[PDB]
**Q** 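My questions all concern the structure below.
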Amino acid sequence: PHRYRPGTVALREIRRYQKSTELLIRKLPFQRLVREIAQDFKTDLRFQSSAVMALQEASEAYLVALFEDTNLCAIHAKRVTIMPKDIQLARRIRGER
Amino acid sequence: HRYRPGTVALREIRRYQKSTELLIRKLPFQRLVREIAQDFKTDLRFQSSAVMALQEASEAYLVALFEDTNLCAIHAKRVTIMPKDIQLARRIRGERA
Amino acid sequence: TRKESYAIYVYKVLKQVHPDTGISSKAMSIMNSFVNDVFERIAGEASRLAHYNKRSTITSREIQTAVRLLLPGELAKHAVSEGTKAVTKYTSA
Amino acid sequence: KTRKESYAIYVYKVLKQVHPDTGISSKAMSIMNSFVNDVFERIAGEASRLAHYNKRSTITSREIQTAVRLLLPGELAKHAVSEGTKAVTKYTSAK
Amino acid sequence: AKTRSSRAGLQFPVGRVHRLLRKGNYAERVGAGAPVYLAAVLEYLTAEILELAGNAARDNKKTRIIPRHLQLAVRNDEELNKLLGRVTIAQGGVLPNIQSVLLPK
Amino acid sequence: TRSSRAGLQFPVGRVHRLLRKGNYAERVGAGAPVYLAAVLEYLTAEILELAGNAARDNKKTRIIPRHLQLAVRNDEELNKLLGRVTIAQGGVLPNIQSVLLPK
Amino acid sequence: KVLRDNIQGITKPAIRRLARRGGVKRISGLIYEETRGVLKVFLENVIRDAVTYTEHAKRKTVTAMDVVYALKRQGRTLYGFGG
Amino acid sequence: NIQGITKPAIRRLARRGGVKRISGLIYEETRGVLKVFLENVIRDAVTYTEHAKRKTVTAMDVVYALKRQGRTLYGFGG
DNA sequence: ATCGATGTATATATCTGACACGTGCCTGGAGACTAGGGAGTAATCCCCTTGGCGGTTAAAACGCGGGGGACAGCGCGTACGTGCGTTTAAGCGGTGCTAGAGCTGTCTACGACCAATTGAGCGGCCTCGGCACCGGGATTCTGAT
DNA sequence: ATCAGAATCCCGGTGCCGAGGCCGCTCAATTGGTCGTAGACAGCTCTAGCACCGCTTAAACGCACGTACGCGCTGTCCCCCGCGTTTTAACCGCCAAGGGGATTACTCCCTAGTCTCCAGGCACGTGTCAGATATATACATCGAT
Ligand SMILES: [Cl-]
Ligand SMILES: [Cl-]
Ligand SMILES: [Mn+2]
Ligand SMILES: [Mn+2]
Ligand SMILES: [Mn+2]
Ligand SMILES: [Mn+2]
Ligand SMILES: [Mn+2]
Ligand SMILES: [Mn+2]
């Protein structure tokens, strides 16, 4: 049969997801998560369906921006593979806590 | 005799983090400020507090910057800071492009 | 009820600039935000300027210098000319 | 010789309230004043948007309150609100 | 003409920009040229962007500007991009850019 | 006054003036200059607290900017708050990265 | 009905797909959990704030606008949803 | 003039920065960096002066500039 | 570890400028008191949010095998730190001179406030043409032989 | 080198629903005239800032010399990618129910606004000590041995 070499499908997928704009996290899991976190702040909250959608839009943008700057951190340490420690450096530098 | 390369380095770090005094001497700085401003508008005067404010703002900034720079050096298993760290530091801060 | 919007003006200007081109519900919406963002951004920074200069009123001088702080060069420059043009024009008519 | 205001004297009175046998420098005093104005704007400004967002024309202690809850870290806010709700009721005692 | 917009020779509603500036607590009072100026600056920018979005639309073969088109527009323009350096456009996606060291040799 | 009537040290009058003239809203409640003056008073105390502490710790009867910075940067909650403020003449906390230390 | 463990709804493929739009080619295994941790600190901020606005507007329903205001607060301004 | 930002001075800042070892090209890089910083801060600053119709840039223009730029500074009349 | 050896901390004597505290004028706050409109509250409808179920399947999970990257070891060449003596301009203390900013009093140009008047702009309704979806076919290139 | 298949790129047809248009209704802007105060301008004031000068003194500099770090190479070990089959629950579009937002409607309370009277807060005054300055001693190192 046939087998694409390692890193070949990665590069493909990058190009895929960089052409499109549709959300990457699944819609339903996402909602469940947001309801949880919010419940544990105040019980008995409802959401405008578009308000979930807002948080998701905002969440993905952030993580995609994140991966961006993480990825630069890997490439800084002459690596090609992203690692928690990379993420960590990006957040220290962004001045996140 | 002779101190092992990098041991007064450690001693100076200790010294400067203990002190709050400004590190660029006032007048070269002062002349740098006047130069840069003349480019924006002619025949100008600066309050002596205006220059101090600038100086405090600039130094604190650069120190902050060296901190974050130095972390990228370390991220690259290095110990010497290099222009390429600064570039990554500022890139991730979102200062530079 | 009435939800006011820059949807007509944004259309107008689009039709002025790309005469055979439509805009989607979302895109419009986006546009609509952009106008509001820059509005506050300018408006607010002008508001600081009045305040800083013990002053009770926001005049196009304020709105102008607000613009010079907020916008990057080529954008700011054009925008300024663009704006002070409409003042002039508005005075005369 | 213009009469420019500050919070200097109240800072002191509060300094005495916490550290009776302790003093301050001019250079730190401005910092304490800068600090106060900065905090004032941020709370006031948050309060301002709050009103607007809610199609309402008044900045009350309630606005000022939630503003604080958006501007302050979990614990620091907690106390603030406390001290805030306290000073209010205590003031509405007297008249 | 009646419309203050027309006196100003503008598309943006100068009356609306005047109402908002007042019901907005930016100052006690508002000049009469400040709305005009602002309404015009707002116009410049929506134009400056719609110009680039429509071009963005054209290349992607399209009659209708959708957010990807605004996004492409914004992050390709050094200057617009900086003005909106802290802004998520819903459905914007990201610019196609793949780092060198990840490419096969 | 009202500082008295609210047990506050901070000028409850001043604050009401500033809220009104500083263009935050059309109208301004009576509780708010009181609520806020208190929160300002609370927080100025928390800082004066740990800075003073710091001046004791650092063996001085008078607080200079450093003692503020030390108080602030060492406090997890206060340092956040002033996460974007450079304090004039503050210096930095002493921190010397591990792998830089001698072996 | 009770809600538990939902962060694990952020499956590994997804956390992957995002990284690809992000221009990452090689993902270390210990990334997935960190990303979940991070997304959590993230939502715990936008919703601590969204919700405050909801509490302030005396509501039992969180609106697209409370979200959008929260984001703006934390310098993550979002276009597309009102504001 | 810019090059008046002495190597030793830059060395000191990096020391307060926590930095132990310094490459040679840093010094110049520091400089462009510092220049960019002042320019932006002074561009904003001056704009305030030009708008205050003054021939003398104040501290408050500076202070206002730093706020604009998210680099708030305390102790020059906040 | 143990050497003598730096350079650093701690000390206790004296010196000096900013602190802190008091003098008293004044301008912002406060008490009195009228006026009304913002917003509280209670009543009423009507969206959209939650919930709940199965038909459908695209996405997720899980294991398996090995390719190629993380990283550990090293080995060379040099780009920095240390540190003497060798060159500059930073700083301090002193006086001199004025541009410019600060304050003051006057007049009118301009902007809020108000009322009566009406099409700009909105929602509500309607239609079809841009485009999203399905399915077939040719173009590319990657990896196996 | 040559060959296959896998994925993507692109093709036409296709069916659907959103943007764009038309129509009519109403609310926010226009118009016009008053009245009052902000701001502008001119006239004087003194404060802050700029300038130049020269003394000792630290800081900048420049080179010297060697060391340890950066960087490039290599090799090993292993983890993370790809794929295929099993598994799980997302998504879709089905309806059913009522909580809650949003629109409405009335009374009155709280605050803005005016005035007149009163000390809290400010500039400015001095005398005083907390603390910058240090010189000799106490310690807590670092590197050589
Ligand atoms: Cl105007
Ligand atoms: Cl109130
Ligand atoms: Mn829970
Ligand atoms: Mn030993
Ligand atoms: Mn009402
Ligand atoms: Mn003059
Ligand atoms: Mn071949
Ligand atoms: Mn109900």
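Every chain is numbered from 1 and lettered A, B, ... according to where its sequence line falls, protein lines coming before strand lines. The basis for the numbers below is simple: all heavy atoms, side chains too, and nothing from hydrogens, waters or symmetry mates.
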**Q** Strictly below 4.0 Å, N to O, side chains only: are A:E13 and G:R16 in salt-bridge contact?
**A** no
**Q** Mark up nucleotides 96-122 of chain I, 5' to 3', with B wherever a protein heavy atom is under 4.0 angstrom from a base atom, S wherever such an atom reaches only the sugar-phosphate, and - elsewhere.
**A** ---SSSSS-------SS--------BS
**Q** Please work out if D:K95 contacts a base, only the sugar-phosphate, or nothing of the nucleic acid, heavy-atom cut-off 4.0 Å.
**A** nothing
**Q** Could you state the atom-to-atom distance from CZ of B:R2 to P of I:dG81 in whole Å?
**A**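 To the nearest whole Å, that distance equals 13 Å.
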**Q** Can you tell me if the side-chain N/O atoms of A:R26 get under 4.0 Å from OP1 or OP2 in I:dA60?
**A** yes
**Q** Please check I:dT34 against J:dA112: Watson-Crick or G-U wobble, both distances under 3.5 Å.
**A** yes
**Q** Are C:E4 and C:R2 ion-paired here, with the side-chain N under 4.0 Å from a carboxylate O?
**A** no
**Q** Does I:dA20 pair up with J:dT126, Watson-Crick or G-U wobble, with both distances inside 3.5 Å?
**A** no
**Q** Could you please name the option among I:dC80, I:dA144, I:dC19 that lies closest to any side-chain atom of A:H2?
**A** I:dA144
**Q** What distance, rounded to whole Å, do you find between the two P atoms, one in I:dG136 and one in I:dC62?
**A** 36 Å
**Q** Reading DNA chain J 5' to 3', which nucleotide is the first, and which the last, to come under 4.0 Å of any heavy atom in chain F?
**A**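 Nucleotide range with atoms under 4.0 Å of chain F: J:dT111 to J:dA132.
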**Q** Could you tell me if I:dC26 and I:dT27 pass the stacking criterion of ring centres under 5.5 Å and planes under 30°?
**A**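 No, the criteria are not both met.
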**Q** Does A:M83 reach a base, just sugar-phosphate, or nothing at all? Heavy atoms under 4.0 Å.
**A**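 If one applies the 4.0 Å heavy-atom cut-off, A:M83 turns out to touch the sugar-phosphate alone, with no base involved.
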**Q** Do other residues, nucleotides or ligands put more than 12 heavy atoms under 6.0 Å from A:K78 NZ?
**A** yes
**Q** Counting any heavy atom closer than 4.0 Å, what does H:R12 reach on the DNA or RNA strands: base, sugar-phosphate only, or nothing?
**A**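 The residue H:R12 makes sugar-phosphate contact but no base contact.
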**Q** Which label fits E:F12 and C:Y6: parallel for a plane angle under 30°, tilted from 30 to 60°, or perpendicular past 60°?
**A**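 The arrangement is tilted - the two ring planes meet at 30° to 60°.
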**Q** For J:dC139, give its Watson-Crick or G-U wobble partner with both distances under 3.5 Å, or none.
**A** I:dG7
**Q** With sugar-phosphate meaning primed atoms plus P, OP1 and OP2, does B:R14 contact a base, only sugar-phosphate, or nothing at under 4.0 Å between heavy atoms?
**A**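 Since no nucleic acid heavy atom lies under 4.0 Å of B:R14, the category is nothing.
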**Q** Counting any heavy atom closer than 4.0 Å, what does B:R34 reach on the DNA or RNA strands: base, sugar-phosphate only, or nothing?
**A**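 Result for B:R34 = sugar-phosphate.
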**Q** Heavy atoms only, 4.0 Å cut-off, all strands: where does G:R16 land among base, sugar-phosphate and nothing?
**A**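 No contact at all - G:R16 keeps every heavy atom at 4.0 Å or more from the nucleic acid.
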**Q** Looking at C:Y9, I'd like to know if the NZ or CZ of E:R16 sits under 6.0 Å from its six-membered ring centre while staying within 45 degrees of the ring's axis.
**A** no
**Q** In this structure, are J:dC79 and J:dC78 stacked, using the six-membered base rings with centres under 5.5 Å and planes under 30°?
**A**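 Per the 5.5 Å and 30° rule, J:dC78 does not stack on J:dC79.
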**Q** Using the P atom on both, measure I:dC64 against I:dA138 and round to a whole Å.
**A**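 It comes out at 42 Å once rounded to the nearest Å.
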**Q** Using both distances under 3.5 Å as the test, list the Watson-Crick or G-U wobble partner of I:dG130, or none.
**A**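 Looking at the geometry, I:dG130 pairs with J:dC16.
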**Q** Take the six-membered rings of bases J:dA119 and J:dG120, measure centre-to-centre distance and interplanar angle, and say whether these fall under 5.5 Å and 30° respectively.
**A**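 Ring centres or planes out of range, so no.
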**Q** Does a side chain donor of either A:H76 or A:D86 reach within less than 3.5 Å of an acceptor in the other side chain?
**A** no
**Q** Going by Watson-Crick or G-U wobble geometry, both distances under 3.5 Å, is I:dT14 a partner of J:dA132?
**A** no
**Q** Note down whether J:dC94 puckers north or south, where north is a positive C1'-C2'-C3'-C4' and south a negative one.
**A** north
**Q** Identify whether any heavy atom of D:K27 sits under 4.0 Å from a base atom; if not, whether one sits that close to sugar-phosphate; answer base, sugar-phosphate or nothing.
**A**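 No contact.
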**Q** Hey, does E:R7 reach any base, or is it just sugar-phosphate, or nothing, if we go heavy atoms under 4.0 Å?
**A** sugar-phosphate
**Q** Quick one: do D:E63 and D:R56 make a salt bridge, cutoff under 4.0 Å?
**A**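 Yes, D:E63 and D:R56 are salt-bridged.
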